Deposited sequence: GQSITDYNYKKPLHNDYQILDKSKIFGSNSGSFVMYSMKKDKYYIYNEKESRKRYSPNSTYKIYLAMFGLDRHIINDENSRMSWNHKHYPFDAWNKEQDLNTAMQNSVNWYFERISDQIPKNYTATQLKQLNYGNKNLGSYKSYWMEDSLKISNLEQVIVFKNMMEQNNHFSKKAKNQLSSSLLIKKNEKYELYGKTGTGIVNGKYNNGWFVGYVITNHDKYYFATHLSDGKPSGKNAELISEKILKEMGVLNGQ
């Protein structure tokens, strides 16, 4: 009822054929040129739950409040059998991000009061800002963000001379690196919502030798999967600027 699509106004694109039988949007931002590039402006402004992309923010708050740190991003397994075998071991930040280990981020969340989080979501302009009963509010629930916001918000949280330390930003960055060769480094995080897949995400950024870009892809129908959002994301960055 209070849910609304992203209002704040700020070049656009046609990637309709890469998306094919999936539907959703793409957003990109050039540091050097200070401009946005968007495929599907209207869909890009619709608010969806960020699901596992919110781990970015959970990690950042975890490092800020010290809940986890340089040396002790650790946290033990509760010896509960989850389907993913990568989830069934000791974790650190890199491991839990790479492998999107829900229990690790949920334990960070456990230790964070609604008022630090609400304050943070307000400084950051994180969508909705709608926390719930404040449980797993990021996992298909009250909290919601648009694809466009994902990009502005992430770019602003990392680039603004702001209260998060360069060091926690850098540990986060490490946790999110996905590909690297000579030309580029690609960073980001997959999100997959569910008995059905209906909300797929891939949010991140790429550093080349020349420029630095933040981008995000959402998926709502077709095969809205974190996996497919990453593929689409990769085909767009390739077919555009190496």
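No C-alpha positions are given for the deposited-sequence stretches 1-3, 14-17, 202-203, 252-255.
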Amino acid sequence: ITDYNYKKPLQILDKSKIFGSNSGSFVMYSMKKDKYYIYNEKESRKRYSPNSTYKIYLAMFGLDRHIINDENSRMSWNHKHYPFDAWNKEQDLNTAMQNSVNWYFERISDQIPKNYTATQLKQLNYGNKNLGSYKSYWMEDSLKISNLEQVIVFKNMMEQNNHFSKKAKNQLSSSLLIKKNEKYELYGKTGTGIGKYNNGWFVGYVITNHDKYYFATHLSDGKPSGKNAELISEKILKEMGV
From here on, numbers count along this sequence of modelled residues.
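For residue 100, the record comparison shows coordinates present in all the other entries of this protein that model its neighbours, with no third of them leaving it out. Residue 127 is built in all of the other entries compared, counting only those with both neighbours built, so it is not a gap in a third. Of the two segments examined, 55-63 and 208-216, it is 208-216 that shows the higher average Cα temperature factor in the deposited entry. Across the two stretches, 169-177 and 40-48, the PDB entry reports the greater mean Cα temperature factor for 40-48. The residue among 144, 155, 80, 122 whose C-alpha carries the highest B-factor in the deposited model is 80. When the C-alpha B-factors of 159, 149, 90, 140 are ranked from the entry, the top spot goes to 90.
Among the modelled residues of its chain, residue 100 has a C-alpha B-factor that falls in the lowest third according to the deposited record. Split the chain's modelled residues into thirds by C-alpha temperature factor. Residue 69 is in the highest one. Per the deposited record, the Cα B-factor of residue 9 falls in the highest third when ranked against the other modelled residues of its chain. In the deposited entry, the Cα temperature factor of residue 84 places it in the highest third of its chain's modelled residues.
Ranked within its chain, residue 224 lands in the middle third, by CA B factor from the PDB record.
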